[PDB]
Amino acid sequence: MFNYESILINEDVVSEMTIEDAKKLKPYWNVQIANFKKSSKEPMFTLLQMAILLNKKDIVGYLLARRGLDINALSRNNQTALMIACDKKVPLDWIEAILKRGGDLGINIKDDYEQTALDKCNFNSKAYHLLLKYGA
């Protein structure tokens, strides 16, 4: 929403968000709208990306099921939902849901530090092995 003359909500707003709120932000599903309070007053993350970062399982579940949502949409630092999910070691079932929904198409996307989602998994982790199944 129109906070600090931009499109900006913080982690406080997203932590308290319900599926009804996610639905009302439909025009914004592919838009960088969220950032942490500590950081600068420009949006960094999509709602899906911030939901993953804050472990909002019900909002993550709802958004991945949406028609018209770009699962490979980039954060302001050129990160995907898949990259963030791997970096934060979220449950393997969310990583699989991301990949099966079209996250596999962006599996070789690289962030500002030349890192892919595979590079964010630990050596021989269950995450590493799953990404290899989907073509990493």
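From 1 onward, residues are counted along the sequence shown.
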On mean Cα temperature factor in this entry, is 96-104 or 24-32 the higher one? 96-104
Comparing 52-60 with 39-47, where is the mean C-alpha B-factor higher? 52-60
Using the temperature factors in the entry, find which of 90, 71, 65, 83 has the highest value at its Cα atom. 65
Relative C-alpha B-factor of residue 18, binned into the chain's lowest, middle or highest third: highest
Once the chain's modelled residues are ordered by C-alpha B factor and cut into thirds, is residue 121 in the lowest, middle or highest one? highest
Just say lowest, middle or highest third for the CA B-factor of residue 1 relative to the other modelled residues in its chain. highest
